[PDB]
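See structure below.
Protein chains: 2
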Amino acid sequence: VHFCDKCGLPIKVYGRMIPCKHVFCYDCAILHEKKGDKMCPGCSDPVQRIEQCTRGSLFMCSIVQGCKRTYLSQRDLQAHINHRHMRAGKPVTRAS
Amino acid sequence: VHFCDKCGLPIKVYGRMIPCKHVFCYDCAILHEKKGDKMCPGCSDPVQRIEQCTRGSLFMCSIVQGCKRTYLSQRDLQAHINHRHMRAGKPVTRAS
Ligand SMILES: [Zn+2]
Ligand SMILES: [Zn+2]
Ligand SMILES: [Zn+2]
Ligand SMILES: [Zn+2]
Ligand SMILES: [Zn+2]
Ligand SMILES: [Zn+2]
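So the sequences go chain by chain: A and A'. A prime marks a further copy of an entry chain. PDB author numbering numbers the first residue of the first sequence as 1 and each following residue consecutively. PDB author numbering numbers the first residue of the second sequence as 1 and each following residue consecutively.
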C-alpha cells in the first residue's frame with residue numbers, strides 16, 4: 001500500500017520514467033505528461049517515455065548516499081538543490 | 001586536508017568531472033584519463049572533460065537521499081548497484 005502524494009490515492013499501477021528509472025503514481029505521471037511536462041517529477045532528468053508497471057514487478061534500489069556534486073558558486077549549488085532535491089525525499093541528517 | 005584514497009596523498013588540486021560534477025584527486029583523475037578511462041570513478045557517468053580546481057573554489061552538495069531507481073529484475077538491480085554505488089561512499093543504514 002503506497003499512497004500517491006499528488007492525488008492522495010493508493011497506487012496500484014506505476015509510471016516508470018525512462019531513462020532515469022524513478023517511479024510515480026501512473027495516473028499522475030500521465031496527467032503530468034498530458035500537460036507538456038517532460039521532466040521527471042523527482043529528479044528533473046528529461047523523460048523519453050513512461051512505462052506502465054504493476055506494483056509487484058519492480059525492484060527498487062534503496063541505497064542512501066551523499067550527492068557530492070560540486071558547483072563553482074553558492075548560487076549554482078542552491079539552484080542544483082532546488083532542481084534536484086526538493087521532491088526527492090526527506091534528506092537524512094543527524095538532526096533526527 | 002583531504003587524502004586521496006587512490007594514491008594516498010593529501011589533495012591540493014582537484015579534478016572536477018564534466019558534466020556529472022563529482023571531484024577527485026587531480027593527479028589520479030588525469031592518470032585515469034591517460035589510461036583511456038572515460039567514466040567517472042565515483043558514479044560511472046561518461047566524462048566529457050576534466051576541470052582543474054583548487055581546494056577552496058568548490059561548493060559541494062552534501063544532501064543524503066535514497067536512490068529509488070527501479071529495475072525489472074533483481075539481476076539488473078544488482079548490476080546497477082555494482083555500476084553506480086560501489087565507490088560512492090559508505091551507504092547510510094540503521095545498522096550504525
Ligand atoms: Zn497520483
Ligand atoms: Zn527521475
Ligand atoms: Zn541505486
Ligand atoms: Zn590521488
Ligand atoms: Zn560522477
Ligand atoms: Zn545534490
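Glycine included, each C-beta is placed from N, C-alpha and C at the ideal position.
- Linking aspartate 76 (chain A') to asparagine 82 (chain A') through their CA atoms gives a straight-line distance of about 10 angstroms.
- Using a Cβ distance threshold of 9 angstroms, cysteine 43 (chain A) and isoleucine 63 (chain A') do not count as a contacting pair.
- Between the alpha carbons of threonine 93 (chain A') and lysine 6 (chain A') lies a gap of roughly 25 angstroms.
- Here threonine 70 (chain A) is buried, its C-beta having at least 16 other C-beta atoms within 10 Å.
- As for any beta strand (DSSP E) of minimum length 3 sitting wholly inside the stretch 20-54 of chain A', the runs are 23-25, 49-54, ordered along the chain.
- Nearest neighbour of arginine 16 (chain A) by Cα position, chosen from A:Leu72, A:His85, A:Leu58, turns out to be A:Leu58.
- For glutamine 74 (chain A), a Cβ of chain A' is located within less than 9 angstroms of the residue's own Cβ.
- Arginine 87 (chain A') and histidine 22 (chain A') have their C-alpha atoms spaced approximately 12 angstroms apart.
- Checking the DSSP bridge columns, you'll see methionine 60 (chain A) partnered with A':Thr70.
- Approximately 23 angstroms separates the beta-carbon atoms of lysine 90 (chain A') and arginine 55 (chain A'); this is outside 8 angstroms, ruling out the contact.
- Beyond the five residues adjoining it in sequence on each side, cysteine 40 (chain A') comes within less than 7 angstroms, by CB distance, of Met17, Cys20, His22, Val47 in the same chain, given in chain order.
- Remark: the C-beta of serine 44 (chain A) is in contact range of ligand 2, defined as less than 8 angstroms to any heavy atom.
- In chain A, no part has a C-beta under 8 angstroms from the C-beta of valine 1 (chain A'); the shortest such distance is about 18 angstroms.
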